[PDB]
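What follows is a short report on a single structure.
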Amino acid sequence: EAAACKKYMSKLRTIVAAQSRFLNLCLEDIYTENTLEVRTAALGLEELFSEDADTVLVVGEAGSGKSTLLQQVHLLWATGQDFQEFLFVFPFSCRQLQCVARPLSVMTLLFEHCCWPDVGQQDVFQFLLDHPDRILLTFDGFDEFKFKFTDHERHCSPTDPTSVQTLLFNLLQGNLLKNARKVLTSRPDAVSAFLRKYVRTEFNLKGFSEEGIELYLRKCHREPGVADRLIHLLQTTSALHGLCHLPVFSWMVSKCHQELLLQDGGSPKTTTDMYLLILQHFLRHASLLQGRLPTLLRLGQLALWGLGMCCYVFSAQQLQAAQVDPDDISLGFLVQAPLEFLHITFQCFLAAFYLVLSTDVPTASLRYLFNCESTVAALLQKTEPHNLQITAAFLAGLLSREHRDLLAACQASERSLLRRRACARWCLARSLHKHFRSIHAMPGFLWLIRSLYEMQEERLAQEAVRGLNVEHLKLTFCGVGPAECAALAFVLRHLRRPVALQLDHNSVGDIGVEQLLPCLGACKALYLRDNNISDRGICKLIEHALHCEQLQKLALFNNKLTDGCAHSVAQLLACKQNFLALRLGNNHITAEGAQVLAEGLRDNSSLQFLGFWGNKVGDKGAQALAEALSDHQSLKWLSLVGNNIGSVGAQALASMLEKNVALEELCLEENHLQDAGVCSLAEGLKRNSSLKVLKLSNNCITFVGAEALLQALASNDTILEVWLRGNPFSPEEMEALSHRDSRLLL
Ligand SMILES: Nc1ncnc2c1ncn2[C@@H]1O[C@H](COP(=O)(O)OP(=O)(O)O)[C@@H](O)[C@H]1O
């Protein structure tokens, strides 16, 4: 026999493994890379733990894989594969913890609401209090807790009862189980500033990349050629491919592969289409819509009740109160004996369905979905804003023209649908004006855009944007995937004033670029830094850009561009006589790409800013750019920082400085120019009266280089600054430069 603490270790592993293995399909066979990103490269699950404080936060939209991530953390731990530093892992569902109001202690939490030790309960708990650094607790769906002012009081006792919310507050501070690791998953709304005081690391979960989707479908589909054919479908059906970047949609696609592969279209395009397809699928396991209508309305009523009550787990009494019989439950929407909706998005969908079709819903109540007496209305007002936003988009979608006929089957009279469509339409039409006139609110902007798209009425989008005066649209770090690109394009394409569209730090990808194209003609500037865009994406962007007279700036810092975009870049530079700014830093451009693209730059007259920071254009790259820029009349700023340029390239840039009369700022930090290259440059400055800033930091330059430059600075009175910070100068050489020309910056 073994002591009580080791027995519990083994019990807990056994239970956690058993609860995490499946979701028959094994989670091990199915789990696919879903990258974690941290705000300030991007990390796999394995590095989740690579004040103080002790809490790790995983944030992501609904359906992005947060639950499935935690369940894989559990399975990996319980079977020995990763996270072995923890002797105990305690998984909790926040929506379940919310359902207990009777107070309880840490011991009751761990033992009665997770895993009961067979023997020695008190010894086990003591062991835990004594080794908290070997414990992990996970809390899935933290946004589904209801916190108060009454739950904000200190509580350091592990044995004394209190509210679950007070326990959790104090766990997060380190007042209970100090040094135990915590992992919380949450939707982006309910991460407040009070919480971040106690977070060691905050991660964002965006969804599958384009290759993730492919791996996912290969794991789920082993029958020969089926996965290939689904990938072929996605690569021919862009909007559907874009939806699958969210893991929940990849799941639905996989689930409905038969129906999707039968037709050559019309495939689902919008979010609502996808939810109707999975509804169709479930119904087939039992016109067919009409036949199960009372069920669907009973399910929808419960869903709406749940949302209004912020209740996502229903007890058998709540279920017979809402009146959902066992045939209702068998349909597939309620699961997992207290039940919950298959996913929170199905709760939202079923409530939207109820709002569109139930005779108990007054027309006017729909105004509370869009922000603008009856029980329906009272429920909507108390609903979590992020569930209302989901519900509202589904409502808009169910009321589109595509679905007139489908819904008409369910009614004796269309009068009711007419009234709800008209109301929703009225709200949507004024929603962008309403948004801007109420003074970051841009997540909310995005949901309004989503609802407009779901409605699928071109004219409504046009009305919504009429009279706006958007110049700059900032949507950094906003969860912008491919499908949000489709929604943006649908609305923004009607703008009459060119917009600076800022989508830095999202997951646009190649599919998103494609989906964005229709509104490219409405952009004066497009910022797509840090968005996983490859050569395929930019080549398509550039082809469309050639026909967009207003587009003058493109920024693509930090993507996956290689030399294979160079020809498209050369066309962009040679053919767009309007183009002002191009940022291509932190890609994989080499000397070959730079020589190719440089031909375009030679035939360009208007470009002002060209950025290559972090590529590797090298000597031959620098050479070709320099010769192409020798006669160029507009370029004012060139950056070649960190490009592995040496003396041959410095000679070329120096020969270019002899001829060029417009470049004002030349950024050469972090290369290996050396004294010889700085001598060349210095010669050039003697025949240049236009350059103002030459940056040479971190270039292996010696005092000899500084002397060559100082000599040139004696006969050049146009240059303002020459950066030499971090070069190998002795302290004595540093002292000696300080008395000489002050335009040297050290
Ligand atoms: N990493 C993943 N690998 C495979 N399937 C996943 C992954 N993440 C999510 N899924 C699938 O998508 C569904 C929705 O994801 P879920 O984790 O419930 O999202 P969230 O918890 O963020 O709302 C899951 O039930 C599962 O079918």
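Think of each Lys and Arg Cβ as +1 and each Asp and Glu Cβ as -1; about the Cα centre, that makes the dipole of segment 258-402 roughly 200 debye. To the nearest 0.05, what FRET efficiency results for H281 and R367 with a Förster distance of 41 Å applied to their C-beta separation? My answer for the efficiency is 0.80. Cα extents for segment 638-746 along the principal axes, largest to smallest and rounded to whole angstrom: 36, 30, 18.
Give the average over all directions of the projected area of the C-alpha convex hull of segment 495-595, one decimal, in nm². Before the final figure, lay out the partial values.
Working: hull surface 22.5 nm².
Projected over every direction and averaged, the Cα hull of segment 495-595 covers 5.6 nm².
The Kirkwood radius of segment 543-606, taken over pairs of alpha-carbon atoms, gives through the Stokes-Einstein law at 4 °C and 1.567 mPa s a diffusion coefficient of 109 µm² s⁻¹. Of the peptides 563-572, 101-110, 171-180, the ranking by mean beta-carbon count within 10 Å, highest at the top, reads 563-572, 171-180, 101-110.
Using only alpha carbons, build the gyration tensor for segment 664-706 and give me the equivalent ellipsoid semi-axes, biggest first, whole Å.
Working: eigenvalues 60, 33, 9 Å².
With the √(5λ) rule applied to segment 664-706, the semi-axes are 17, 13, 7 Å.
The packing ranking, built from the mean of other Cβ atoms within 10 Å per residue, places the peptides 215-221, 61-67 in the order 61-67, 215-221, highest first. If only the Cβ of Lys and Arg carry +1 and only the Cβ of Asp and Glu carry -1, the dipole of the chain around its Cα centre is close to 2340 debye.
Note on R154 and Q84: the model spin-label points, each 7 Å out from Cα along the C-beta direction, lie 4.1 nm apart.
Identify the residues of segment 606-637 with backbone N under 17 Å of a label point that sits 7 angstrom from the Cα of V661 along the Cα-to-Cβ direction, or state none. Within reach of a label on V661, which here means backbone N under 17 Å from a point 7 Å along Cα→Cβ, segment 606-637 contributes 606, 629-636.
Based only on Cα atoms, what mean projected area does the convex hull of segment 320-424 have, in nm²?
Values: hull surface 30.2 nm².
The Cα convex hull of segment 320-424, projected and averaged over all directions, gives 7.5 nm².
Using Cβ point charges alone (K and R +1, D and E -1), the dipole size of segment 692-734 about the Cα centre works out to roughly 220 debye. So if we plug the beta-carbon distance of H440 and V648 into 1/(1 + (r/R0)^6) with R0 = 56 Å, what FRET efficiency do we get, rounded to 0.05? E(calc), rounded to 0.05, equals 0.75. For the chain, dividing the convex hull volume of the Cα atoms by the residue count gives 202 Å³ per residue.
Inter-label distance, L43 to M734: 3.4 nm, where each label sits 7 Å from its Cα along the C-beta direction. With a Förster radius of 25 Å applied to the beta-carbon distance between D741 and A574, the computed FRET efficiency rounds to 0.05.
Exposure proxy shown here: for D675, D717, the number of other Cβ atoms within 10 Å sets the order, fewest to most, as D717, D675. With 10 angstrom as the radius, rank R583, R437 by how many other C-beta atoms surround their C-beta, starting from the fewest. Starting with the residue having the fewest Cβ neighbours, the order is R437, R583.
Sorting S507, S715, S93, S315 on the 10 Å Cβ count, fewest up front, what's the list? Display every interim value, and only then the final one.
Numbers: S507 26, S715 9, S93 20, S315 13.
The order, fewest Cβ neighbours first, is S715, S315, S93, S507.
In plain terms, the bigger the Kirkwood radius, the slower the diffusion; for segment 397-556, with that radius from Cα pairs, at 25 °C and 0.890 mPa s, Stokes-Einstein puts D at 148 µm²/s.
Read the figures in this text as sums done on the coordinates, not as results from a lab. Here the Cβ is made from the backbone with ideal geometry for all residues, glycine too, and neighbour counts use every protein chain on show.
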